[PDB]
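Below is one structure, written out as structure tokens, with a few remarks after it.
Please treat every number below as a calculation from the coordinates, not as lab data.
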Amino acid sequence: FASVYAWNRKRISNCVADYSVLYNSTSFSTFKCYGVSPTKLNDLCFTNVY
Amino acid sequence: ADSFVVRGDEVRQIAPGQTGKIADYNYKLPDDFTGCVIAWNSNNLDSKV
Ligand SMILES: *[C@@H]1O[C@H](CO)[C@@H](O)[C@H](O)[C@H]1NC(C)=O
């Protein structure tokens with residue numbers, strides 16, 4: 001990964017956000033969302049994901 | 001009283017409106033849930049060499 005003072009920004013486009021493939025590999029200790037409820041993420045389409 | 005044992009990183013998913021693996025396929029709380037949630041570490045009881 002990158003250092004915190006040189007954090008890495010990547011553009012994400014033309015994909016399907018399933019996020020159920022991460023259930024086997026990694027477990028997340030912190031997961032928060034602002035401006036949108038977590039349970040509504042499967043019913044939405046975004047514009048510019050960074 | 002509903003009792004179970006879950007991983008220490010998945011304790012945050014026992015809450016109304018949460019998402020993840022436990023909250024989607026194992027145990028889900030209602031949105032208008034009233035009551036309390038208690039959780040404590042049991043590494044000296046449920047773990048063995
Ligand atoms: C992914 O799942 C398989 C079985 O579905 C399991 O054997 C494997 O251990 C899992 N991956 C990790 C990193 O635990």
- [ ] Send over the semi-axes of chain B's equivalent ellipsoid, whole angstrom and largest first, taken as the square roots of 5 times the C-alpha gyration tensor eigenvalues.
- [x] 22, 13, 8
TODO: Report Rg/Rh for chain A, rounded to two decimals, where Rg is the Cα radius of gyration and Rh the Kirkwood radius.
DONE: 0.97
Open item on the list: From the helices alone, meaning DSSP H stretches of at least four residues, give me the mean residue ellipticity at 222 nm for the protein assembly as shown, per-run term -39500 (n - 2.57), in deg cm²/dmol to the nearest 500.
Closed with: -500 deg cm²/dmol
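When Rg is the radius of gyration of the Cα atoms in the protein assembly as shown and Rh is its Kirkwood radius, what does Rg/Rh come to?
Details: Rg = 17.1 Å, Rh = 16.7 Å.
That ratio equals 1.02.
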